[PDB]
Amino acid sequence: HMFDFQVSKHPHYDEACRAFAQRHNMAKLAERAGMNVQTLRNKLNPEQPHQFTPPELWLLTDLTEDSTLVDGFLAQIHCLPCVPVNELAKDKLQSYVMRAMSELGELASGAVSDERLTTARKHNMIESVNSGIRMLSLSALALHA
């Protein structure tokens, strides 16, 4: 229901900015992003007070397909790296909710065992988690119809 979100004291986002800066050409990237080259360097420089805006983070992650800035952003608050999702919702919201209940029922079914949890059963339960996550994401996209 609730979580205790904490801010890590390890420079996850700062170290990610340095790696991103060293991975791509700052000159081309700043032009593609509509930014001045020095401003992009300052926003990636932890020793400079300049910071990215959210749309600047989206654009540079979009233009590069590199989640380094987002992964370090998420690791700064003890969160796992980001997961890309890009599929459309072609069915009604109600159908996605019901299929999510079926996948969750199989996860609960495997969680009460009733048989030895082999490698195949653990993999099938991971697939149910993968499908349940997929049905939940599409449920959210059905709300944007």
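Start at 1 with the first residue shown and count on from there.
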item	value
Per the entry, higher mean C-alpha B factor between 72 to 80 and 108 to 116	108 to 116
Mean temperature factor over C-alpha atoms, higher-scoring stretch between 119 to 127 and 133 to 141	119 to 127
Identity of residue with top Cα B-factor, from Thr61, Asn86, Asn42, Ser102	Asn86
Peak C-alpha temperature factor (PDB record), options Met35, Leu57, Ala27, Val97	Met35
Chain thirds of CA B-factor: placement of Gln51	middle
